[PDB]
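Peer 1: Give me the fold of what follows.
(8 chains, ligands or ions: 2)
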Amino acid sequence: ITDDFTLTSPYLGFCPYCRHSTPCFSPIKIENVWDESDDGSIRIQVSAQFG
Amino acid sequence: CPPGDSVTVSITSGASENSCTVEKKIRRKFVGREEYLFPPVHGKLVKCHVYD
Amino acid sequence: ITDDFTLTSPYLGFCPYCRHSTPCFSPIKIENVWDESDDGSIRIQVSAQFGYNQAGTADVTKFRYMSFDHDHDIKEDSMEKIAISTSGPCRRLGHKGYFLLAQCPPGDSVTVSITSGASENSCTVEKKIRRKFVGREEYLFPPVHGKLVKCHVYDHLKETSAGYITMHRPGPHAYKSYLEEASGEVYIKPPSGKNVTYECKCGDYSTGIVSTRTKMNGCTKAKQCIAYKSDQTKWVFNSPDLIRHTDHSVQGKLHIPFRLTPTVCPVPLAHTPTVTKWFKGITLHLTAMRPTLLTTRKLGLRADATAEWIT
Amino acid sequence: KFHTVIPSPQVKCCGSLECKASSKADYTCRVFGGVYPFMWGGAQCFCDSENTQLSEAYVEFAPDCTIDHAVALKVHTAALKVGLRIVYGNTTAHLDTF
Amino acid sequence: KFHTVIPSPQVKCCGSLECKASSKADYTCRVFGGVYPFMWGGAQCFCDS
Amino acid sequence: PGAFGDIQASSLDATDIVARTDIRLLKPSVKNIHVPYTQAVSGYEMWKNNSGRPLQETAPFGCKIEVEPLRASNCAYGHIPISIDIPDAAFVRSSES
Amino acid sequence: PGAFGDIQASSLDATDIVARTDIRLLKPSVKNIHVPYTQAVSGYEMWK
Amino acid sequence: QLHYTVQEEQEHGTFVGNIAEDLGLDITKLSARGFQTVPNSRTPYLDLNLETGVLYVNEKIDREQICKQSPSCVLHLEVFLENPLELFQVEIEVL
Ligand SMILES: *[C@@H]1O[C@H](CO)[C@@H](O)[C@H](O)[C@H]1NC(C)=O
Ligand SMILES: *[C@@H]1O[C@H](CO)[C@@H](O)[C@H](O)[C@H]1NC(C)=O
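Peer 2: Numbering: from 1, shown residues only, chains lettered A, B, ... in the order given. Ligands and ions are numbered 1, 2, ... in the order given. Dropping the coordinates below:
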């Protein structure tokens, strides 16, 4: 296990939509959306690194 | 966010713009019986499982 | 045939649903909507020329206006202020002359509107626009893996036609602010140096040309003489809220843009069913997440075909 | 799918009109009387309800029917053709015959 | 409710690449000959088809 | 008026377009000028709603049905007799077999 | 594949995860590198 | 899937990058396999030579206009062929 975050890096994904309705390369590829809360919450995994 | 069919995420700068959508069937959900839209102020307190 | 936009002018329409939900005369009246493409792109025909300056010298950031005035003149404004809407905003992606093209979400009305802050207006009509697909499996947005079927979509190219239009001579358009009646007679007040006709029949029929000279006659009512400006040069499409000229024959013809052409078009593939074997019959255990067509037929003399959309 | 074109209405100031016969696709005309039409600048005539307007309408094809039309046919007496593949004594041949 | 997890595809430039058999949950592994993959910079493999 | 076939033409760019579609005018009431009308539903799109299944999945005996010459290609029924004129040079002697 | 008992395990976090969910791969038709696949619907939520 | 970079303030007829040799196509088969552009992805600043597959520039590429039209400041194009029915993207990034 680790949390030393300076040892990782973001990457480019490949998304089926883009800004203008075509599949193109993008740095904000969404990998997974998990939707099993009880007030409508949503956990998104992207390819970039927030925070 | 409200229910829909896709989940979009986008940066809105102007120095760069991208977006990426997957289709994901989001619909609203309730707890127990008596389907509702906003949690009331007068009600019974039951057990939920929410995210932190 | 022709494409000379230094010779046609925009005109005021009569839109059935203005911004105040009341039918008013508006320079942004839309007249036809076409939605037969497979990509959700529509083609709106407005009564204000797009992509041209005031004389019509084809720059791609200004549009002719046909303003409201006591006088009768045309003007122009920046292209950035035209927004198309059905059920939320949508995306302009072409304009030439009258027509323009946009890809808009499924709603029920079609709105175009200038968004200035000086002479702001809108105009809506009703049109059952909704989302369509190609093939046999239904989809939300086109996939990243599957077959390549051929679907027909609109060009975004300006200089392609699939169309034809009739454009002819303009009609007489009288005003009531060309007149004053401060005494028992009436006086014609033309604009500043124009040739203004009249056809007044109080007593007996009259005509003539008046160039900024207050004329009277033996006439006592304020509404028995009309007077319209005499230009008769520009051309207007036969919209049903104009008066025809006494000739009303074809003078020129213009291009409808945005040809409907064939193109290749990706489609999803579905999960191939597993099949159990029993006596003179298959049982196919099969999944889908969206409505997907299954059809079967025997290979004998009776086909006995079935078809159902399973979900 | 058709396309209703409607040409601009003809108004005769303080007179009378009548329609002829045309030959366009579903021509339909009938006159009126007692109108008093207004434009953006009103009072488009000069006598109180003594005049007529005309009203004509017809149809033609759409500008998308060059892709979206439907060709009606009338078939009879189909005659069959067969492509064969004859091989005799390790020597093949390909034939197409009626 | 399960969670289908796909690791990154191995690509070998003009050499046959068969895969082993492991004991994870529902392992499945097939080869595909004739690829020519593209990243953001094209031609990720130097050996045509 | 109101079924398949209320527009007729020889070709699509022809001029002898004949049609009836129940277009009847109405008397205008409002002071602004326009022309009101009413018309039946386009029978072409009414056919297009509930056309049914095409005959690429209803034809008996199982055959692909092409369009551009209107074939009914490659299905199977009956027996066809033929007779083959074999050249006699492709034979061998019974004193050789 | 397609009903309850789709994936099984003795404990919750143990590595004896016997499973069968009818996963099949597909040959990719786009020049971009990705791995297409189709799969049976989740058995536990169809039971749910 | 391609990626090209056109330079700023380009004139007419300047060669940017060639497509047909990149993806294993022949010159005489381009007219046979129905080589056109996809109508939706066409750009006014780039026409195309349909016989050898080279990609020149039609109008004078102004950066501040299309940077604004597209705040990424890029360009997009798709071409297709019809005898095996394949499609592939071509991206152009003006700098
Ligand atoms: C008005 O008409 C006269 C001829 O009747 C012409 O000489 C004059 O130039 C016209 N005025 C304008 C402003 O066009
Ligand atoms: C073809 O048939 C002839 C006689 O029918 C025989 O002699 C010959 O060996 C055969 N060809 C081959 C390749 O075996």
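
Peer 1: Which residues of chain F lie near chain C?
Peer 2: With Cβ under 8 Å from any Cβ of the partner chain as the criterion, chain F meets chain C at residues F:32-35, F:53, F:57-62, F:76-77. Any C-beta I mention is one placed from the backbone N, CA and C, and that applies to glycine too.

Peer 1: Which one (most neighbours) among these?
Peer 2: residue F:33 (21 neighbours; other Cβ atoms under 10 Å in any protein chain shown).

Peer 1: Pull the distance from stretch F:63-80 to the chain's centre.
Peer 2: 15 Å (Cα atoms, centre = their mean, to the nearest Å).

Peer 1: List the contacts of it.
Peer 2: Residues outside stretch F:63-80 that contact it (Cβ atoms under 8 Å, 6 or more residues apart in numbering or on different chains): C:299, C:301, D:73, D:75, D:78, D:82, F:55-56, F:59, F:61-62.

Peer 1: hang on, the earlier thing: out of the residues of chain F next to chain C, which is nearest to chain H?
Peer 2: Among the residues of chain F next to chain C, residue F:57 lies closest to chain H (Cβ to the nearest Cβ), at 22.2 Å.

Peer 1: which pair in the contacts of stretch F:63-80 spans the largest distance?
Peer 2: Spatially, the most separated pair among these is C:299 and D:73, at 26.0 Å (Cβ to Cβ).

Peer 1: These two: which is more packed in?
Peer 2: Taking other Cβ under 10 Å, residue C:299 and residue D:73 do not tie; residue C:299 has more neighbours (11 against 5).

Peer 1: Give me the nearest residue to the more buried one, chain neighbours excluded.
Peer 2: Leaving out its chain neighbours, the residue that sits closest to residue C:299 by Cβ to Cβ, 6 or more residues apart in numbering or on different chains is residue F:62, at 3.8 Å.

Peer 1: residues in contact with that neighbour?
Peer 2: Residue F:62 neighbours (Cβ under 8 Å, 6+ apart): C:297, C:299, F:75-76.

Peer 1: what's the helix or strand for it?
Peer 2: Assigned by DSSP states H and E, residue F:62 belongs to no helix or strand.

Peer 1: ok, now how distant is it from residue C:282?
Peer 2: For residue F:62, the distance to residue C:282 (Cβ to Cβ, to the nearest Å) stands at 16 Å.

Peer 1: just the strands in chain H please.
Peer 2: Along chain H, the segments classed as strands by DSSP state E run H:2-4, H:17-18, H:36-37, H:54-55, H:75-81, H:86-92.

Peer 1: gap between the two ends of stretch D:6-26?
Peer 2: Start-to-end span of stretch D:6-26 (Cα to Cα, to the nearest Å) is 12 Å.

Peer 1: Name the residues of that stretch that come out as buried.
Peer 2: By 16 or more other Cβ atoms under 10 Å in any protein chain shown, the buried positions in stretch D:6-26 come out as D:6-11, D:13, D:24-26.

Peer 1: what does stretch F:79-91 give?
Peer 2: By 16+ other Cβ under 10 Å, stretch F:79-91 has no buried positions at all.

Peer 1: Let's see the distance spanning it from one end to the other.
Peer 2: With Cα to Cα applied, stretch F:79-91 spans 28 Å between its terminal residues.

Peer 1: what's the offset of it from the middle of its chain?
Peer 2: 40 Å.
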